[PDB]
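In the form deposited in one PDB entry, a lone chain appears below as structure tokens.
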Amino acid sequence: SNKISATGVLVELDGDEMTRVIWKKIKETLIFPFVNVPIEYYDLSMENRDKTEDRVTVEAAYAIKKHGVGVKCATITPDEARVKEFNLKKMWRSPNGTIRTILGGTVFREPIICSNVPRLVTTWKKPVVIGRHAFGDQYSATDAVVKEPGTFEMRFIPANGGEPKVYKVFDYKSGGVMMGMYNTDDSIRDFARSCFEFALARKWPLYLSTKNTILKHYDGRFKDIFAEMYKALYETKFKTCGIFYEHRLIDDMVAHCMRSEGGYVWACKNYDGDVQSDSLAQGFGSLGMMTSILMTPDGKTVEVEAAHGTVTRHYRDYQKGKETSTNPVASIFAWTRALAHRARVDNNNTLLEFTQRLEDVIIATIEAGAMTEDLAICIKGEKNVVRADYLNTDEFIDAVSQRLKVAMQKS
């Protein structure tokens, strides 16, 4: 028992504002002492994404697909406002959207529950993991206003040169609005792969929601694919594990979700993902207890982070010079969740267990009362919380450290 390590490689992406300052402590205090895995490092501080024309970003994305596991701190996705603050060049796109794209596959959000920390939905006793397809659909579609009377028609035009296929969609007598969207069989099939794979690892059952009732052909295509794919390559594997796949009309699924105790992976389409994920986020409690994880369709490759932002407001009090109480846990979990993936590919039970023992030690700490402002507010309530109801970011980490070292001995 000293420093244990493992000979694959983590790929660290460094990120900015408050999350950045926590990254730096997490590492020093809770991971580097007891683990020394070799690390290809990158630095996606917006500081540097302007200094490198958003090109450490794309370097780092492929950096992961090579090595198989990544940790990302949260980063600033530029608004137009953001440009004036730091620096000009292009008002850049979101690193998350870039890496997600380069790696293929799908992001899965996971709450982290404690017993003293209540939820808003009384029935939820277990984690509901939403996985979001994040491509096509309403998000890359053409929209338009209609001011004349006229027709809105659609044309499919064969590439080989066959019959344009034409559909009268509607004839406007006054004014209105109009829109078209696509999706591709490849992006869906990859969503499906990534999902089936994700539920299978974590030993949970799997729902996908559509509205094929209404959209017989478009939503059907999704249903029909997961149906196609489940029975080809996974059903047998599911039964062996003892889990399942089912499909639901979205309206069931949200009823089910609400009324069910939890413990499942929920495939959502791109818009159902944006919409539901905010509900869960608020509902489970603090966004500071949630981890995004990015899985590839081959299942063998991953990039995990927190599911919150950089915490700008807190960062401002860091600069003011003031004390702060940011939840480092999603971020700490980020590390453990990753490291645990690197452990299960290296056949490494020393590190694997340390990732369990740290996650257990964090939960047992919160459950014994030592927690942060945000979680104090989950138990008590925003207006009714006071200083000696929580710890600052520093004290939490040094509280979980000391608790950790004692449980490292007794074994």
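The term rigid core refers to the maximal set of C-alpha atoms that superpose within 1.5 Å between the two forms. Numbering starts at 1 and follows the sequence shown.
Unshown form deposited in another entry; subsequent notes refer to it.
Q: Fix the rigid core, compare C-alpha positions between the shown form and the other one, and report which of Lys203, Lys322, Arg155, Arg259 shifts by 2 Å or more.
A: So the residue whose C-alpha moves 2 Å or more is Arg155.
Q: Superposed on the rigid core, does the Cα of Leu120 end up 2 angstroms or more away between the shown form and the other one?
A: No, its C-alpha moves less than 2 Å.
Q: Would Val146 count as moving between the shown form and the other one, using a Cα shift of 2 angstroms or more after superposing the core as the test?
A: Shift at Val146: 2 Å or more after core fit.
Q: Honestly, after the rigid core fit, is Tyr172 moving at least 2 Å at Cα between the shown form and the other one?
A: The answer is yes, as the C-alpha of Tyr172 shifts between the shown form and the other one by 2 Å or more after core alignment.
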